[PDB]
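Single-structure report; data block below.
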Amino acid sequence: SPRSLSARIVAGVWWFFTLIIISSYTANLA
Amino acid sequence: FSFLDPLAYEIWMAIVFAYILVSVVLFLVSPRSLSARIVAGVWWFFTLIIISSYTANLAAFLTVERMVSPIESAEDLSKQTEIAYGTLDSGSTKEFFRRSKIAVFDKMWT
Amino acid sequence: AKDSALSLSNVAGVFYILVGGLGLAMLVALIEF
(Lines give C-alpha, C1' and ligand atoms only; values in the text may rest on other atoms or scores of the structure.)
Protein backbone atom coordinates (compact mmCIF):
# COMPACT_ATOMS: atom_id res chain seq x y z
CA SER A 1 0.00 0.00 0.00
CA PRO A 2 2.01 2.98 -1.33
CA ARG A 3 1.26 6.43 0.10
CA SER A 4 1.77 7.81 -3.42
CA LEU A 5 2.12 11.61 -3.59
CA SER A 6 5.81 12.32 -2.99
CA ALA A 7 6.65 8.81 -1.73
CA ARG A 8 5.77 7.42 -5.16
CA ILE A 9 8.40 9.44 -7.02
CA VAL A 10 10.81 8.73 -4.16
CA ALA A 11 10.41 5.00 -4.80
CA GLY A 12 10.73 5.70 -8.52
CA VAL A 13 14.02 7.54 -8.01
CA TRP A 14 15.44 4.69 -5.90
CA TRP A 15 14.27 2.28 -8.60
CA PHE A 16 16.13 4.20 -11.32
CA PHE A 17 19.19 4.32 -9.05
CA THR A 18 19.33 0.58 -8.34
CA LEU A 19 18.56 -0.13 -12.01
CA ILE A 20 21.55 1.86 -13.22
CA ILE A 21 23.73 0.23 -10.57
CA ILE A 22 22.76 -3.35 -11.45
CA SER A 23 23.10 -2.76 -15.22
CA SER A 24 26.48 -1.07 -14.78
CA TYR A 25 27.65 -3.87 -12.49
CA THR A 26 26.56 -6.43 -15.07
CA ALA A 27 28.42 -4.67 -17.89
CA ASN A 28 31.60 -4.17 -15.88
CA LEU A 29 31.52 -7.77 -14.69
CA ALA A 30 31.13 -9.04 -18.26
CA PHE B 1 28.20 11.54 -19.12
CA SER B 2 29.12 7.85 -19.34
CA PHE B 3 25.66 7.07 -17.93
CA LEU B 4 23.76 8.87 -20.69
CA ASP B 5 26.28 8.01 -23.43
CA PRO B 6 25.77 4.24 -24.02
CA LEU B 7 22.22 4.98 -25.14
CA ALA B 8 21.79 7.62 -27.86
CA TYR B 9 20.45 10.93 -26.53
CA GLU B 10 17.57 10.96 -29.02
CA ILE B 11 16.73 7.56 -27.57
CA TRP B 12 16.51 9.15 -24.11
CA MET B 13 14.18 11.84 -25.46
CA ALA B 14 12.22 9.05 -27.12
CA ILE B 15 11.94 7.03 -23.88
CA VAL B 16 10.73 10.19 -22.14
CA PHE B 17 8.00 10.43 -24.80
CA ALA B 18 7.27 6.74 -24.23
CA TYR B 19 6.88 7.38 -20.52
CA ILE B 20 4.51 10.31 -20.92
CA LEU B 21 2.59 8.31 -23.54
CA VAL B 22 2.13 5.35 -21.21
CA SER B 23 1.19 7.71 -18.37
CA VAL B 24 -1.43 9.55 -20.42
CA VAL B 25 -2.87 6.27 -21.74
CA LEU B 26 -3.10 5.12 -18.11
CA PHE B 27 -4.86 8.42 -17.41
CA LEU B 28 -7.38 7.73 -20.17
CA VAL B 29 -8.20 4.37 -18.58
CA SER B 30 -4.88 -2.64 -7.80
CA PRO B 31 -6.05 -4.10 -11.14
CA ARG B 32 -7.76 -1.77 -13.61
CA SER B 33 -10.09 -3.26 -16.24
CA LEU B 34 -8.27 -4.79 -19.22
CA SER B 35 -6.48 -1.95 -21.03
CA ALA B 36 -4.23 -1.25 -18.03
CA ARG B 37 -2.85 -4.77 -18.51
CA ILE B 38 -1.95 -4.28 -22.18
CA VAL B 39 -0.42 -0.89 -21.33
CA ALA B 40 1.62 -2.23 -18.42
CA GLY B 41 2.51 -5.25 -20.53
CA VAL B 42 3.78 -3.34 -23.54
CA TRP B 43 5.69 -0.98 -21.22
CA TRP B 44 7.17 -4.05 -19.54
CA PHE B 45 8.41 -5.47 -22.84
CA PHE B 46 9.73 -2.03 -23.75
CA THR B 47 11.58 -1.35 -20.49
CA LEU B 48 13.00 -4.88 -20.49
CA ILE B 49 14.43 -4.36 -23.95
CA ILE B 50 15.87 -0.97 -22.92
CA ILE B 51 17.58 -2.22 -19.73
CA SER B 52 18.95 -5.12 -21.76
CA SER B 53 20.27 -2.71 -24.40
CA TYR B 54 21.96 -0.44 -21.85
CA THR B 55 23.49 -3.51 -20.21
CA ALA B 56 24.79 -4.99 -23.47
CA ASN B 57 26.10 -1.73 -24.94
CA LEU B 58 27.87 -0.74 -21.72
CA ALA B 59 29.29 -4.26 -21.59
CA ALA B 60 30.59 -3.95 -25.14
CA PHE B 61 32.29 -0.61 -24.49
CA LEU B 62 33.79 -1.67 -21.16
CA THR B 63 35.03 -4.73 -23.06
CA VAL B 64 36.62 -2.56 -25.76
CA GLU B 65 38.48 -0.52 -23.13
CA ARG B 66 40.00 -3.69 -21.64
CA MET B 67 40.67 -5.28 -25.04
CA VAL B 68 42.69 -2.32 -26.34
CA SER B 69 46.35 -2.45 -25.32
CA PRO B 70 48.74 0.36 -26.31
CA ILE B 71 52.22 -0.21 -27.73
CA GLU B 72 54.09 -2.60 -25.44
CA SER B 73 56.42 -4.96 -27.29
CA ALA B 74 58.90 -3.37 -29.70
CA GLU B 75 58.10 -5.58 -32.70
CA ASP B 76 54.47 -4.53 -32.37
CA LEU B 77 55.60 -0.88 -32.41
CA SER B 78 57.60 -1.39 -35.61
CA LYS B 79 54.72 -2.46 -37.88
CA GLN B 80 52.50 0.54 -37.07
CA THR B 81 52.87 4.00 -38.60
CA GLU B 82 50.48 5.76 -36.20
CA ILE B 83 52.92 6.46 -33.39
CA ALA B 84 56.13 8.02 -34.69
CA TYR B 85 59.35 7.00 -32.96
CA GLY B 86 63.05 7.80 -32.80
CA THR B 87 66.47 7.88 -31.11
CA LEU B 88 69.42 10.14 -30.23
CA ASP B 89 71.14 12.21 -32.94
CA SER B 90 74.52 10.55 -32.40
CA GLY B 91 75.01 7.50 -30.20
CA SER B 92 75.64 3.80 -29.69
CA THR B 93 71.87 3.32 -29.95
CA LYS B 94 71.47 4.90 -33.37
CA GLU B 95 74.63 3.24 -34.64
CA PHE B 96 73.21 -0.01 -33.25
CA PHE B 97 70.01 0.33 -35.28
CA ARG B 98 71.97 1.29 -38.39
CA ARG B 99 74.66 -1.41 -38.27
CA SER B 100 72.16 -4.07 -37.10
CA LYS B 101 70.89 -6.46 -39.77
CA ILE B 102 68.30 -7.99 -37.42
CA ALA B 103 64.85 -7.96 -39.05
CA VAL B 104 62.68 -5.91 -36.68
CA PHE B 105 65.39 -3.38 -35.91
CA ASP B 106 66.25 -3.17 -39.61
CA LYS B 107 62.64 -2.26 -40.39
CA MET B 108 62.62 0.32 -37.59
CA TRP B 109 65.85 1.84 -38.86
CA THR B 110 64.45 1.96 -42.39
CA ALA C 1 43.62 -0.49 -42.91
CA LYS C 2 41.72 -2.53 -45.52
CA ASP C 3 38.50 -4.03 -44.10
CA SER C 4 29.90 4.65 -30.89
CA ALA C 5 26.52 4.73 -29.15
CA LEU C 6 23.28 2.76 -28.98
CA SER C 7 21.45 2.58 -32.29
CA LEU C 8 18.95 5.42 -32.73
CA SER C 9 17.53 3.13 -35.40
CA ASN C 10 17.65 -0.51 -34.25
CA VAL C 11 16.11 0.48 -30.90
CA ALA C 12 13.30 2.44 -32.61
CA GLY C 13 11.48 -0.75 -33.66
CA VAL C 14 10.80 -1.44 -30.00
CA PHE C 15 9.40 2.07 -29.71
CA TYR C 16 7.07 1.20 -32.59
CA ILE C 17 5.77 -2.08 -31.13
CA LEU C 18 5.33 -0.05 -27.95
CA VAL C 19 3.41 2.76 -29.66
CA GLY C 20 1.28 0.15 -31.45
CA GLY C 21 0.48 -1.59 -28.19
CA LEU C 22 -0.43 1.74 -26.62
CA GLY C 23 -2.68 2.56 -29.59
CA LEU C 24 -4.48 -0.75 -29.32
CA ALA C 25 -4.74 0.15 -25.65
CA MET C 26 -6.38 3.42 -26.72
CA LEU C 27 -8.98 1.38 -28.58
CA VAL C 28 -9.62 -1.09 -25.75
CA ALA C 29 -9.70 1.62 -23.07
CA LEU C 30 -11.98 3.93 -25.05
CA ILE C 31 -14.62 1.41 -26.14
CA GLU C 32 -15.40 0.34 -22.55
CA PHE C 33 -15.47 3.77 -20.90
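Labeling convention for the C-alpha coordinates: chains A, B, ... as they appear, residues from 1 per chain, ligands from 1 in order of appearance.
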Contacts of chain A with chain B up to 8 Å, shortest pair per row, only C-alpha atoms, as a tab-separated table:
```
residue	atom	partner	partner_atom	distance
A:23	CA	B:55	CA	5.1
A:24	CA	B:55	CA	6.7
A:26	CA	B:55	CA	6.7
A:27	CA	B:59	CA	3.8
A:28	CA	B:59	CA	6.2
A:30	CA	B:59	CA	6.1
```
Output N, CA and C atoms of each residue in that selection to a file, as a PDB file, in the first residue's frame.
```
ATOM      1  N   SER A  23      22.702  -2.664 -13.810  1.00  0.00           N
ATOM      2  CA  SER A  23      23.101  -2.759 -15.216  1.00  0.00           C
ATOM      3  C   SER A  23      24.593  -2.474 -15.400  1.00  0.00           C
ATOM      4  N   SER A  24      25.074  -1.449 -14.703  1.00  0.00           N
ATOM      5  CA  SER A  24      26.478  -1.066 -14.778  1.00  0.00           C
ATOM      6  C   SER A  24      27.366  -2.170 -14.215  1.00  0.00           C
ATOM      7  N   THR A  26      26.609  -5.325 -14.117  1.00  0.00           N
ATOM      8  CA  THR A  26      26.563  -6.427 -15.068  1.00  0.00           C
ATOM      9  C   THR A  26      27.558  -6.206 -16.205  1.00  0.00           C
ATOM     10  N   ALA A  27      27.547  -4.998 -16.763  1.00  0.00           N
ATOM     11  CA  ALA A  27      28.416  -4.674 -17.892  1.00  0.00           C
ATOM     12  C   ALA A  27      29.894  -4.763 -17.510  1.00  0.00           C
ATOM     13  N   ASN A  28      30.232  -4.166 -16.372  1.00  0.00           N
ATOM     14  CA  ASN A  28      31.604  -4.170 -15.882  1.00  0.00           C
ATOM     15  C   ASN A  28      32.074  -5.589 -15.590  1.00  0.00           C
ATOM     16  N   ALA A  30      30.961  -8.329 -16.995  1.00  0.00           N
ATOM     17  CA  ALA A  30      31.131  -9.041 -18.261  1.00  0.00           C
ATOM     18  C   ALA A  30      32.489  -8.704 -18.881  1.00  0.00           C
TER      19      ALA A  30
END
```
Original post:
Could you write out, as an MDAnalysis selection string, all the residues of chain C that DSSP marks as alpha helix (DSSP H)?
Top reply: chainID C and resid 12:32
Original post:
What are the residues of chain C that have an atom within 7 Å of an atom of chain B, counting only C-alpha atoms, as a ChimeraX atom specification?
Top reply: /C:5-8,14,18,21-22,25-26,28-29
**OP:** Write out as a ChimeraX atom specification each polymer residue whose atoms come within 12 Å of residue 108 of chain B, counting only C-alpha atoms; drop sequence neighbours fewer than 5 positions from it.
**Re:** /B:74-81,84-87,94,96-98,100-103
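The gap separating atom CA of residue 24 of chain C from atom CA of residue 5 of chain A is 29.3 Å, in Å to one decimal.
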